[PDB]
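In structure tokens, one chain follows: the form deposited in one PDB entry.
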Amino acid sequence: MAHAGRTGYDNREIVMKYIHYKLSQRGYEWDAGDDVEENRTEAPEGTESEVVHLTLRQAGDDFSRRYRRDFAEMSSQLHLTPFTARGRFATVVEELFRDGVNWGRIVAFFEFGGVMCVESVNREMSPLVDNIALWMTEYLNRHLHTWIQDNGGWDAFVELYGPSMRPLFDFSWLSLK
């Protein structure tokens, strides 16, 4: 069996943390159920897990900061709807893994869900924030679970998008229209 290794990250946390952070950046306070604003304990319990999120959230944030215009153009205009939001989410995701899955694309998947959350809050659709991120956890663990396991897991990604890893190659923008 498997025991002691560099693989075992909870996609649920990688998402919630990503959405919880990306949302705070836009001045949004997403209430992912668990709300404990009275425990400033930064104990070294899950330092490794934090990296997968820090390096990940930083990886996408770096690309977004460069193409903020292209993002704000599609985001600000992105027509969100709880009736076809799930359907559109798949369309954007399908493109991400349409030509194959790679650490780069995986970055768009996380950045994608973040945009929707920020766009939902604008249209007074906070409830969507929980639905969007939720679909990410399921999708990530549904299909992206195996692939990531064969791509050295988040461990490999962390090394590719580590803190020292200067601005390297980017992912093909999921041009949808």
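In case it trips you up, residue 1 is the first one in the sequence shown, and so on.
Another form exists, deposited with a partner chain bound; not displayed. Remarks below refer to it.
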Please determine whether each residue of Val118, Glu124 and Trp135 possesses a non-hydrogen atom within 4.5 angstroms of its partner chain in the entry with it bound. no
Give a yes/no on whether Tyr161 approaches its partner chain to within 4.5 Å in the entry with it bound, heavy atoms considered. yes
Please tell me whether any heavy atom belonging to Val52 falls inside 4.5 Å of a heavy atom of its partner chain, as the geometry stands in the entry with it bound. no
Do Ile148 and its partner chain come within 4.5 Å of each other in the entry with it bound, heavy atoms counted? no
Is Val129 close enough to its partner chain in the entry with it bound to count, meaning some heavy atom within 4.5 Å? no
